[PDB]
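Presented below, as structure tokens, is a lone chain in the form deposited in one PDB entry.
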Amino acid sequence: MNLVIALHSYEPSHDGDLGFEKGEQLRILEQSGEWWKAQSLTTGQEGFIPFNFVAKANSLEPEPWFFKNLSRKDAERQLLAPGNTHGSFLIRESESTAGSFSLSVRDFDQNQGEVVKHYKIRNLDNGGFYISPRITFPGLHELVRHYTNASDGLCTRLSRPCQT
């Protein structure tokens, strides 16, 4: 199931739209670019919702790129191990700070070969996240989505979750 949380309240603008309130949970039926087909878990009603009005509610543990109990050195150890290449990344709990997370990704370099950059995922008041103040995110899911299709700020794109 594709669960999402309403970040804001939405009043139906166009016919076929599904209205909802901030905090409300919904399930995603269809992904159509900016508009998504959703079903309210409250009333079972369906309709289209503006994709940027919600955030993935699914737990992070099941994510292919999340590794809760992983140390900074371990990340380097696995990221640099064979079976991975430039672009490989993972998200782990921050070591230097609690309640936070760190982004680890393998990159190349003309000087030294494959390397491992670590980016601190800073927390936000409303609970949000961000690596660079240029772009903020409601959740780690969204953050990963963004940098998997664009690297604005990073040496490389989050090409693929670390492999064992």
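Counting begins at 1, following the sequence as shown.
Not pictured, yet referred to below: the form deposited in another entry.
- Within the set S102, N123, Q39, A57, the hinge between the two rigid parts that rotate between the shown form and the other one is located at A57.
- Contraction of the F53-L60 CA spacing by 3 Å or more is recorded in the other form, set against this form.
- In contrast to the form presented, in the other form the C-alpha positions of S32 and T156 spread farther apart by 3 Å or more.
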